[PDB]
Amino acid sequence: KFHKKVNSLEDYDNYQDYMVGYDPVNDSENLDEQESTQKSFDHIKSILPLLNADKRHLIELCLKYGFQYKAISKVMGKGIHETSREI
DNA sequence: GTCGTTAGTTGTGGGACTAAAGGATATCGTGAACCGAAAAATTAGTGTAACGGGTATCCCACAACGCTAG
């Protein structure tokens, strides 16, 4: 059904002339947004060393395994509730 | 008399057909039933308040004299 719901681009005469188009402005804007996000993350990384060591390691682990309160709690010693509160 | 050769058809197949603009479509037919897969929702479990010195910072106010005698 899906493959029979798909037409052929040849049904439109000279489809390569007026269809299947893109604007590089969109690509440049997407890359600019990516750069903005990267700059924000670099700002956060630079702020990280100013925090307490335990809270810095909590975030560092949460950024390389990922908000895994259970596995972090067993790793740390604090419970699920305490570890979530500290995060 | 018989077999290979050459030239002239004859039928058949493959390949061309300005430039500029524009550029919307509609798209049937049906057989059953059970099992497996994974994606989603529902449920079960733990909780602070002030205190001793001692010291880092903040705001907030004030001071930072002048003269006389031994």
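No Cβ is skipped: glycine too gets one built from the backbone with ideal geometry, and neighbour counts run over all protein chains shown. Read the figures in this text as sums done on the coordinates, not as results from a lab.
Give the residues of region A:48-59 that are surrounded by 10 or more Cβ atoms within 10 Å (Cβ to Cβ) and either among the aromatic types (F, W, Y) or assigned to a helix (DSSP H, G or I) (or both), sorted by residue number.
Step one: list which residues in region A:48-59 are surrounded by 10 or more Cβ atoms within 10 Å (Cβ to Cβ), which gives A:48, A:51, A:54-59.
The answer is A:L48, A:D54, A:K55, A:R56, A:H57, A:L58, A:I59.
Of all residues in region A:60-87, which are more than 12 Å from DNA strand B (Cβ to nearest atom) and outside any helix (DSSP H, G or I)?
Within region A:60-87, A:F67, A:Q68, A:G77, A:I87 meet the criteria.
Residue pairs, Cβ under 8 Å, 6 or more apart or interchain, first in region A:14-33 and on the phi < 0 side of the Ramachandran plot and free of Cβ contacts under 8 Å to residues at least 12 places away in the same chain, second outside any helix (DSSP H, G or I) and near DNA strand B (Cβ under 9 Å from one of its atoms). List them.
That search, which allows pairs on different chains as well, returns A:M19/A:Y12.
Looking at region A:1-31, which of the residues that are among the charged types (D, E, K, R) and surrounded by 10 or more Cβ atoms within 10 Å (Cβ to Cβ) is nearest to DNA strand B (Cβ to nearest atom)?
Within region A:1-31, the match that is nearest to DNA strand B (Cβ to nearest atom) is A:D27.
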